[PDB]
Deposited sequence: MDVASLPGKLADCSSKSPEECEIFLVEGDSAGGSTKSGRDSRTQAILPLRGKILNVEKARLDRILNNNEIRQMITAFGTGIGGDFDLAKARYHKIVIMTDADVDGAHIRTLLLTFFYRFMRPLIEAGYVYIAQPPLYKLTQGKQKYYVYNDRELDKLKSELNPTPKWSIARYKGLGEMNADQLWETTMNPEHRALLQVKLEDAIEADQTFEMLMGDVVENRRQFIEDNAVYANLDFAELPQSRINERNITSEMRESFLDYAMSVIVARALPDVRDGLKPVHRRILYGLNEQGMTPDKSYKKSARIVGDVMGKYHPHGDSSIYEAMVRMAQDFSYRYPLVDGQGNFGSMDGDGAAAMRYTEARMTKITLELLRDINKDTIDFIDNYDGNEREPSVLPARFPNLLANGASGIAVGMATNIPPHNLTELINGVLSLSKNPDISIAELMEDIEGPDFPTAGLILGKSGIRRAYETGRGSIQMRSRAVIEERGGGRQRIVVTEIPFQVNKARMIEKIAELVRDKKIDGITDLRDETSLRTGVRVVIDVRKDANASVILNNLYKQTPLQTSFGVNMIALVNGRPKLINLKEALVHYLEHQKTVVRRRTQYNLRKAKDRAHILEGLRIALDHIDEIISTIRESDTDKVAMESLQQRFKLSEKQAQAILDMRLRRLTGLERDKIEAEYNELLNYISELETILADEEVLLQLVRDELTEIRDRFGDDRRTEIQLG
């Protein structure tokens, strides 16, 4: 009987009593409310405390035991219900607890004293809503919107009680797609859920590069409330990351203010730093509203969001993807990439070895050196391979025979401070002799500059080679090209990544042509009715002003001038100001051009290669405006 932590029941006979183990925040309070305190006692576990990571019993678990009473047939509660959420987090505790019981308290499992809660699963809102517990029941329910309960904290006390812990109605049980899709980038646009939502929220609020910087909170707050309902931290961090010259080969966010550093310096408060779209990002959301990608419902059903972006440049390979680290893809050269894609499109059957005549290999924003084509080959042929990144370092001779190491560029994602802080240790731990001083003079003007002062007697060259060994001054990049292909996580090699990409581009362009074509017809149709309308205006006003209701108006108009439902409507929504003299010709001018446009669009659609070239050209154009010089040197 823990006083402050556990809620006790009146009954004292273990046969009657039942104890619910719920996650404190998940449903501690509401679970304490809906219960039948005459026979129901609750013990909320402090989720954070519980965290294969075995160790001495937790204060939380120790309490769990005390309350049971066995830790022996002297048990206090015959039934021990485990209430936990459906979510990733929830299954954690459910398993940890179960797993636990087996190891130090199996008799309970043997005795059938531990149960597992079964809350509703679905609520069908069609105010009438439904309480389904499994797909089959749901399938039968719907045949005879949906919203799946994935958190106990979504439910009120009484409902929690009525559906899940009230014996009369309850249905106890004796005794990872979120994790997946939520991390891995789509192979089509390179973005992972948070990033895509972010770039989308930038687009939706029209924070284009041509307009002024908006405060960061203004974007975090929007995305969090509409697409990504989690801590601001996760969104702001991910947004900061896209804005760092040393993190993205092609920053997608344009930040203003303090945005951290290679040393893991933090970024300023979100209400201080400003951010807007990068010009290259516009090529990432280009045509998004021309039915080029399928939209989906947002987490709660009140908004709509892109399953992918048009991604008019090969972003996955370009900017890379980063890691648990289920995947690990490196940045590449946009010019090389686009050139590689153009080479793919000229002939489908091109070899990875030939793709590599365009795509030299990785190309980190941080520059530096790659130590050989070996790991690159393996990584491109299979999707896995270690790649050797070594800093750009030179030694320079000065005064009284003294020497000096100057580190100009460091390996990607290496924390410069921790590296400096490390060499220092190797010197205090006397594992390095010759270093008389080390400074990190890295600034905006000098660029990265770590300076190691070697002494006269020492050998800088030798020391240097010893850093490649004892420090991050050389780091391996473990390629591991995993990405969402066809909704499923897949491992890809170089060619395959581009293939799915180019495919996406052919889909985007065609889908755009179609949208544009059916939007033009729609408008051409509407213009015909307007022309008719305007021409015989006298008539139109006659038949309308004779009509008693807007509905019969619709009727006469279609009847007498042979207008369509849409057309009649448009004429009724015409403003008197459209009656001026110039209008008629603008309507005819817009029409005559629109007809020509419709024609050109049907021409693209009709011919396969015409469309592919359209893709070829648009790609070529972007490469021309955004492509730049390679920074990382592959040597040997």
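Missing from the model, relative to the deposited sequence, are the ranges 1 to 4, 56 to 60, 81 to 86, 142, 161 to 167, 199 to 261, 410 to 412, 726.
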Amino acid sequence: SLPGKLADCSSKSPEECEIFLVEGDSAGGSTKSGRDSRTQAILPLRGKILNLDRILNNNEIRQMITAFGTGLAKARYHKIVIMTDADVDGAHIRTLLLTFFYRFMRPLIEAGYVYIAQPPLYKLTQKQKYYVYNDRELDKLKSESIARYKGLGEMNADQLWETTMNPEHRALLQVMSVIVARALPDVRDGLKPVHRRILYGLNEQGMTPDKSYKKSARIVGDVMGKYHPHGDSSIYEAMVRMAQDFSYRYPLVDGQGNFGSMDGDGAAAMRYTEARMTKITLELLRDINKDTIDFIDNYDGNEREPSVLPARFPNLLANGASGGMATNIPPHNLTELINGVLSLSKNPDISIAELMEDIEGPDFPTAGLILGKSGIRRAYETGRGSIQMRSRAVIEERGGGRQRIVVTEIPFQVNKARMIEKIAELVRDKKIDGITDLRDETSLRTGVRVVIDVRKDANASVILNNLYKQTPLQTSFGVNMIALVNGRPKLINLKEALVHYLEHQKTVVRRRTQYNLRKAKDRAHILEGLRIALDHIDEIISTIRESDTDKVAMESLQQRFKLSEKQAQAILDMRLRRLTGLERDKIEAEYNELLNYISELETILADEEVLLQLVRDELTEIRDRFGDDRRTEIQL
From here on, numbers count along this sequence of modelled residues.
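Between 101 to 109 and 228 to 236, it is 101 to 109 that carries the larger average Cα temperature factor according to the deposited entry. Relative to its counterpart among 328 to 336 and 351 to 359, 351 to 359 has the higher mean temperature factor, C-alpha atoms as listed in the PDB entry. Across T408, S443, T278, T95, the greatest Cα temperature factor reported in the deposited entry is at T95.
Of the candidates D263, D186, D291, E168, it is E168 whose Cα B-factor is highest according to the PDB record. The deposited CA B-factor of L342 belongs to the lowest third of values across its chain. For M155, the recorded CA temperature factor ranks within the middle third of the chain's modelled residues. The deposited CA B-factor of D628 belongs to the lowest third of values across its chain. For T66, the recorded CA B-factor ranks within the highest third of the chain. Only modelled residues enter the ranking. Sorting the modelled residues of the chain by their CA temperature factor places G28 in the lowest third.
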